[PDB]
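**Student:** Residue numbers (PDB author numbering), protein chains in the order written: chain B, 3 to 23, 27 to 182, 184 to 224, 226 to 340; chain C, 7 to 55, 60 to 63; chain R, 106 to 177, 181 to 257, 271 to 312, 335 to 408; chain A, 4 to 54, 182 to 233, 241 to 354; chain S, 2 to 103, 105 to 121, 124 to 179, 188 to 235. Ideal placement from N, C-alpha and C gives every residue a C-beta, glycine not left out.
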Amino acid sequence: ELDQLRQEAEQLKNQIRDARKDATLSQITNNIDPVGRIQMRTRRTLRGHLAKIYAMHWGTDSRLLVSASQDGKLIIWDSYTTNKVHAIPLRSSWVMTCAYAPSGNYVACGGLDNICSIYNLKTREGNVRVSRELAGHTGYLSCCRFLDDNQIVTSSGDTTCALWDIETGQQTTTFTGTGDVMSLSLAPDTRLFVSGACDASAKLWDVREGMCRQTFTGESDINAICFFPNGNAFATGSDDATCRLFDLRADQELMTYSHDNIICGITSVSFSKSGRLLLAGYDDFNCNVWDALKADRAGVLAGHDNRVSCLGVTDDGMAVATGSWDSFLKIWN
Amino acid sequence: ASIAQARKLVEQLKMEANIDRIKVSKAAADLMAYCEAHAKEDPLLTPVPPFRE
Amino acid sequence: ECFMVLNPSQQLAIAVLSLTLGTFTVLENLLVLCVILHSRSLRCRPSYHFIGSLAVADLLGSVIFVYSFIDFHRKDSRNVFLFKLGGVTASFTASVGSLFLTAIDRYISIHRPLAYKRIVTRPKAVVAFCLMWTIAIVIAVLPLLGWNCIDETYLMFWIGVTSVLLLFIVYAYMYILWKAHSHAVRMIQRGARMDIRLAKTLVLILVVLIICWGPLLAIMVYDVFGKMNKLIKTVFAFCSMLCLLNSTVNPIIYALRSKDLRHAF
Amino acid sequence: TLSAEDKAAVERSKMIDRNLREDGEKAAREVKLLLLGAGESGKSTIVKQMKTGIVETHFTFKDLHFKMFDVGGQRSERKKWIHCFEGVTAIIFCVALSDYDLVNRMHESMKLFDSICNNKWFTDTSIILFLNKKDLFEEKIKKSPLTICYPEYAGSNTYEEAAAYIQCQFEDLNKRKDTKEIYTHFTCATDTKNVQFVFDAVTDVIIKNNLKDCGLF
Amino acid sequence: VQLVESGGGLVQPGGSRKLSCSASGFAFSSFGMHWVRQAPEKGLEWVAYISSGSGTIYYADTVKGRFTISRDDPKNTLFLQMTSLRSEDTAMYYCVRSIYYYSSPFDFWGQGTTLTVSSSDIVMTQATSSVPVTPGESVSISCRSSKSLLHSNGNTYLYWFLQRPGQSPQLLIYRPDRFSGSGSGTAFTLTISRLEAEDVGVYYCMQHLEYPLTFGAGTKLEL
Ligand SMILES: COc1ccccc1[C@H](C[N+](=O)[O-])c1c(-c2ccccc2)[nH]c2ccccc12
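Encoded structure:
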């Protein structure tokens, strides 16, 4: 009974492997001009936290920031002039996620408490109060993204993903597919959905449908993922000191962003406008700026005194915000 | 028991094999074209004189 | 009549020894600055810049003294001699004040183990740092703008004033050792490699401090009735190098006892 | 040069800074201790004796506030959420001491202690070991299957010799003999002075940390 | 949700009194709170302003050293002490509040209290004066800035308080639905999509950039 099932599964595996397999992007990108050297200098230094910050998100206006650290504090920032717009106390000090709603009305936070809390910013009486406290996950939440003003997607360590409804805290959709899910990236059109797990794999789901659409395999656990601005590709960063780029329409791997001088994993991954600079926040006390279309590194963003945790890029590509295990958040331009 | 997991596992890969594929060269060319099309508005690439002191 | 020295031949070995000690001091303090004053991560701890102040004070004092003592018999003008004497005095009393401050810091680190991170803070570590230097400068400049005719009043006021700090350092180290022994015996009663290590670290420092600073101050105190001889002058000249030996031994010991520096380098 | 709007919006930031400054110094007077023992070894019987995810307990003793974090039923990869506990004052490891008769999960406890003690994040964090459930172990000496599980090993039937041997075995599992320090208490079912031992241990470790930071060590 | 001002002013000349105000359901500890008066025929102008934390006690140029403001955040009470009463105190006092993020100041207005006695000036002129509202059409309001209201930050100061016949005014633009505002340099235009019986009222225009927000200059467009 088990032998027949194993043979059948192996038949499918080798069939899809042979079907998904001459040219290479790294070879076809020859005889082209590289970007050169990027040496952007820090423009803003942000203080106030006394802990290791873990997550952040740029606002939709490219001027407001949200920051969460290992202390029970959530800070709304002002990147233009350094002013603390508002501070919010968290019930749970262990938080790993951040989210800024596109409307700017709500923020989200979650951590080891297995629940995600929504805070409302623009309210009467000049206060920020909890709007919803969604629960139903057995584990630690890894990422949260606002699909819309009323829909949110959460990935936790229970090897499943959830699509919720703010109006009614009941779960709307559950995605099952192992290893702990560590990162989440939302489609630019908010139509698709991707999640990378600890089993050295990533999965692309269908938000409307509710079932997995595609799978990608590389090795070690994956803890960073982000969509390309086009929406037909994404970038992943694993703990094996290797960064990779995958294409939805190809179901293959293009090139590896690795160097023999680094044996350190990747903590955060992000892109810029037009998808030309891929910024990878490593755990070797500094970030790196790879060329997403080239196999050669371009620039290094040093200046942090500890492991870089979070990393964000504005919607218009005007500044890059980096955070690390030291409580200073830096804005680079 | 194990039968439900067996059916759930076997049903997934067969569905994944029905999606048609295109050559990776076309996707790479499309990505390159998209990258070079929006290359003339990139403040991080070309520093030209919001965040100034 | 005036500054009297025995003979040229015998004061070649003294000059050679002084030059060797000065060169060793400068090179060792340069190495300490290179391995400590990188200003990266070690600047957070207040005690690390308390030691840096002592090393800086010792290096000056050595620089402004060993070179100015090699040209001795030009008198030049009295203003230059008073200025250099005031500078040397300020450097020495600043070194003593830095030693007193670091002894107080170590005393607090055991007196209030739970409150040490709050009692001693970087904002509160700069008021005393500047206050000690200001006191050093004013006590160095007092004779030039004060009462003169140095005379026995200045000689006697530059004695006891540093002696109280020197005795307080010993008292603080005695209390530290006693508290460590009490903690060890309490742990034994509950049912030691810390007390022995602390005693080994402190005994050398204390014996060096009590041997270097004892004979010179004793001679200065005894020379209060105005009587002196060539033997007294020669022994004072001999003890000058022993007194300067602090700039050679104290920075090295203080920068080598801590294992954090060895782990970093 | 600031406008009327901007001038009034700087005092807001100053007030926020003051609020975080006064709030941030209240989290530096509390000692963090991490429970990491086995679930059925007696953790539930020891948390209440002193008086979804992570459980936080707040206790007071000798005008000192203790925060105790229990990761009870996370059931996730320990390598992905153990970073948050870097900097914890001490790790309280607890074992049942009477689970060698399963023949084994005693080797599982040994492996878990080896993994936690030799962790890279906890290279300078003290571990307090609690050997619990003495009643059953002492009352099973009549027919203790210690020779059955270890046919090649020979020892006395007295429980004190076995306790000393097993404590030595747990101590020898440590690989960092210079930074860490394992404390054993011999906790019982009806003990009352468990809090005193942990208070003395945290006092000793904080004094040693202060000595190391000052420069003497 | 509710801001009640108390203290009825009717006393003999030569005395002093207090005018208090209390707020319900507000974060009073994080709100700046101005004080304004309305004459029988005039606009709205500052008489006092206090910021959060009590670090800004700006007063008015008309009266100085006689009026003072006291605040109690735990008691949620703000009150005015007045001394040396003069004949020119016959106004309705209001206690508007505001807050400044890095966002809509002068939002809520109080009911106000009476102040009566028992029995170099900026001026603006417009080509149109007291234009009656023609039924079946829509009215538009034009305004010009005497100075350059635009700041280097691009934050043009543009307030359009509307006072219906009643108790307290309201906000239209802070920097309804039919009310719209079009700005071009020194020219400002308020537009109303449709008229209604509740749309009739008095409008006030902006003439302030510096510390004293004296925007009391404004034509009465009741008819
Ligand atoms: C704090 O003053 C220091 C500290 C370290 C080195 C040198 C000095 C001063 C330089 N200064 O005051 O401008 C100095 C004196 C001097 C100083 C005070 C009182 C009386 C004398 N004498 C010197 C001789 C050589 C070089 C510097 C000084």
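Who are the near neighbours of residue 167 (chain R) in its chain, counting only those whose CB is closer than 6 Å to its CB and skipping five residues on each side?
**Tutor:** Residue 167 (chain R) sits at position 62 when you count from the first residue of the third sequence. Closer than 6 Å at Cβ, skipping near neighbours: 127, 130, 390.
**Student:** Could you tell me whether any Cβ in chain C is nearer than 8 Å to the Cβ of residue 280 (chain B)?
**Tutor:** Reading the first sequence from its first residue, position 273 is the one you call residue 280 (chain B). True, the Cβ-Cβ gap to chain C drops below 8 Å.
**Student:** Across the stretch 145–164 of chain B and the stretch 201–211 of chain A, are there enough close Cβ pairs to call them in contact, namely three or more that are closer than 8 Å?
**Tutor:** Yes, the stretch 145–164 of chain B is in contact with the stretch 201–211 of chain A.
**Student:** Tell me which residues of the stretch 53–81 of chain B have at least one Cβ-Cβ distance to chain A shorter than 9 Å, keeping chain order.
**Tutor:** 53, 54, 55, 56, 57, 59, 75, 76, 77, 78, 80
**Student:** Between residue 218 (chain R) and chain A, is there a C-beta pair that is closer than 8 Å?
**Tutor:** Working through the third sequence from its first residue, we reach residue 218 (chain R) at position 110. For residue 218 (chain R), the answer is yes, since a Cβ of chain A falls inside 8 Å of its Cβ.
**Student:** As an exercise, report each continuous beta strand (DSSP E) stretch of at least 3 residues that is fully enclosed by the stretch 110–142 of chain R, in chain order.
**Tutor:** The qualifying runs do not exist here; there are none.
**Student:** Along chain A, which residues have their Cβ under 9 Å away from the Cβ of residue 144 (chain B)?
**Tutor:** Working through the first sequence from its first residue, we reach residue 144 (chain B) at position 139. What residue 144 (chain B) touches in chain A: 183, 204, 205, 206.
**Student:** Kindly say whether residue 42 (chain A), judged by its beta-carbon, lies nearer than 8 Å to any beta-carbon of chain B.
**Tutor:** Position 39 of the fourth sequence, counting from 1, holds the residue named residue 42 (chain A). For residue 42 (chain A), the answer is no, since every Cβ of chain B falls outside 8 Å of its Cβ.
**Student:** Are the CB atoms of residue 183 (chain B) and residue 87 (chain B) nearer to each other than 8 Å?
**Tutor:** Residue 183 (chain B) falls within a stretch that is absent from the model, since chain B runs 182 to 184 with no residues between.
**Student:** Going along chain B, which residues have a C-beta under 9 Å from residue 19 (chain A)?
**Tutor:** The count along the fourth sequence starts at 1 and reaches residue 19 (chain A) at position 16. The contacting residues are 53, 80, 88, 89, 90, 91, 92.
**Student:** Thinking just about the alpha-carbon of each residue, which of A:229, A:217, A:347, A:220 is nearest to the one in residue 303 (chain A)?
**Tutor:** Here residue 303 (chain A) refers to the residue found at position 166 of the fourth sequence. If we check each option's Cα against that of residue 303 (chain A), A:229 comes out closest.
**Student:** Once the 5 residues before and after residue 201 (chain R) are set aside, which same chain residues still bring their CB inside 6 Å of it?
**Tutor:** Against the third sequence, residue 201 (chain R) aligns to sequence position 93. The answer, listed in chain order, is 244.
**Student:** Report yes or no: do three or more beta-carbon pairs, one from the stretch 275–290 of chain R and one from the stretch 361–371 of chain R, lie closer than 8 Å?
**Tutor:** yes
**Student:** Hey, which residues come within less than 6 Å of ligand 1, measuring from Cβ to any heavy atom, in chain order?
**Tutor:** R:165, R:169, R:191, R:192, R:194, R:195, R:198, R:199, R:245, R:248, R:249
**Student:** 8 Å is my cut-off, CB to CB: does residue 8 (chain A) come that close to chain S?
**Tutor:** Residue mapping note: residue 8 (chain A) aligns to position 5 of the fourth sequence, counting from 1. For residue 8 (chain A), the answer is yes, since a Cβ of chain S falls inside 8 Å of its Cβ.
**Student:** What's the gap between the Cα of residue 159 (chain R) and the Cα of residue 376 (chain R)?
**Tutor:** Locating residue 159 (chain R) in the third sequence gives position 54, counting from the first residue. Locating residue 376 (chain R) in the third sequence gives position 233, counting from the first residue. Taking the straight line from one Cα to the other gives about 29 Å.
**Student:** Find the nearest neighbour of residue 240 (chain B) within the set B:265, B:299, B:17, judged by alpha-carbon distance.
**Tutor:** Position 233 of the first sequence, counted from the start, is the residue given in the question as residue 240 (chain B). Among B:265, B:299, B:17, the Cα nearest to that of residue 240 (chain B) is on B:299.
**Student:** Between residue 162 (chain R) and the rest of its own chain, which residues show a CB-CB distance below 7 Å, the 5 nearest in sequence each way excluded?
**Tutor:** As a position in the third sequence, residue 162 (chain R) is number 57, starting the count at 1. 199, 202, 203, 206, listed in sequence order.
**Student:** Where does residue 204 (chain S) fall in DSSP's three states?
**Tutor:** Working through the fifth sequence from its first residue, we reach residue 204 (chain S) at position 192. Three-state DSSP puts residue 204 (chain S) in coil, outside helix and strand.
**Student:** Please classify residue 40 (chain S): is it buried, with 16 or more other beta-carbons within 10 angstroms of its beta-carbon, or exposed?
**Tutor:** Position 39 of the fifth sequence, counting from 1, holds the residue named residue 40 (chain S). Label assigned to residue 40 (chain S): exposed.
**Student:** With distances taken between CB atoms, is the gap from residue 325 (chain A) to residue 271 (chain A) smaller than 8 Å?
**Tutor:** By 1-based counting over the fourth sequence, the position of residue 325 (chain A) is 188. By 1-based counting over the fourth sequence, the position of residue 271 (chain A) is 134. Contact: yes.
**Student:** Report yes if the CB atom of residue 269 (chain B) is closer than 8 Å to the CB atom of residue 242 (chain B), and no otherwise.
**Tutor:** The residue given as residue 269 (chain B) occupies position 262 in the first sequence. The residue given as residue 242 (chain B) occupies position 235 in the first sequence. No.
**Student:** Run through chain A and tell me which residues come within less than 8 Å of residue 4 (chain B), C-beta to C-beta.
**Tutor:** One-based indexing of the first sequence puts residue 4 (chain B) at position 2. The contacting residues do not exist; residue 4 (chain B) stays about 27 Å from chain A at best.
**Student:** Does the beta carbon of residue 214 (chain A) sit closer than 8 Å to a beta carbon anywhere in chain B?
**Tutor:** Within the fourth sequence, residue 214 (chain A) is the residue found at index 84, counting from 1. Closer than 8 Å to some Cβ of chain B, the Cβ of residue 214 (chain A) qualifies, so yes.
**Student:** Is the beta carbon of residue 223 (chain A) less than 8 Å from the beta carbon of residue 266 (chain A)?
**Tutor:** In the fourth sequence, counting from the first residue as 1, residue 223 (chain A) sits at position 93. In the fourth sequence, counting from the first residue as 1, residue 266 (chain A) sits at position 129. A contact, by the Cβ cut-off of 8 Å.
**Student:** For residue 31 (chain B), which residues of its own chain have a beta-carbon under 7 Å away from its beta-carbon, when the five flanking residues on both sides are left out?
**Tutor:** By one-based count along the first sequence, residue 31 (chain B) stands at place 26. Counting only Cβ-Cβ distances below 7 Å, and skipping sequence neighbours, we find 262, 302.
**Student:** For a quick check, are the C-beta atoms of residue 103 (chain S) and residue 33 (chain S) less than 8 Å apart?
**Tutor:** As a working note, residue 103 (chain S) is residue 102 in the fifth sequence. As a working note, residue 33 (chain S) is residue 32 in the fifth sequence. In this structure, residue 103 (chain S) keeps its C-beta atom at 8 Å or more from the C-beta atom of residue 33 (chain S).
**Student:** Name, please, each residue of chain C whose Cβ falls closer than 9 Å to the Cβ of residue 164 (chain B).
**Tutor:** Stepping through the first sequence from its first residue, residue 164 (chain B) is reached at position 159. The premise fails here: residue 164 (chain B) is roughly 13 Å from chain C at the closest Cβ pair, so nothing lies under 9 Å.
**Student:** Alpha carbon to alpha carbon, what distance is there between residue 381 (chain R) and residue 110 (chain R)?
**Tutor:** Within the third sequence, numbered from 1, the residue matching residue 110 (chain R) stands at position 5. Within the third sequence, numbered from 1, the residue matching residue 381 (chain R) stands at position 238. Residue 110 (chain R) and residue 381 (chain R): Cα-Cα distance of roughly 12 Å.
**Student:** Can you find a CB in chain B that lies within less than 8 Å of the CB of residue 55 (chain C)?
**Tutor:** Walking along the second sequence from the start, residue 55 (chain C) turns up at place 49. Residue 55 (chain C) does not count as touching chain B.
**Student:** In the stretch 111–130 of chain B, which residues sit with their C-beta less than 7 Å from some C-beta in chain A, listed in chain order?
**Tutor:** Listed by position along the chain: 117, 118, 119.
**Student:** Could you pull the start and end residues of the beta strand (DSSP E) that residue 158 (chain B) belongs to?
**Tutor:** The residue given as residue 158 (chain B) occupies position 153 in the first sequence. Its beta strand (DSSP E) spans residues 157–161.
**Student:** Can you list, in chain order, the residues of its chain with a C-beta nearer than 6 Å to that of residue 232 (chain S)? Leave out the 5 residues immediately preceding and following it.
**Tutor:** Counting from 1 along the fifth sequence, the entry for residue 232 (chain S) is found at position 220. Apart from sequence neighbours up to five positions away, the residues of its chain that approach residue 232 (chain S) with a beta-carbon distance below 6 Å are 214, ordered along the chain.
**Student:** Please list, in chain order, all residues of the same chain as residue 332 (chain B) whose beta carbon is under 7 Å from its beta carbon, the five residues on each side excluded.
**Tutor:** For this step, residue 332 (chain B) is matched to residue 325 along the first sequence. Closer than 7 Å at Cβ, skipping near neighbours: 57, 313, 314, 316.
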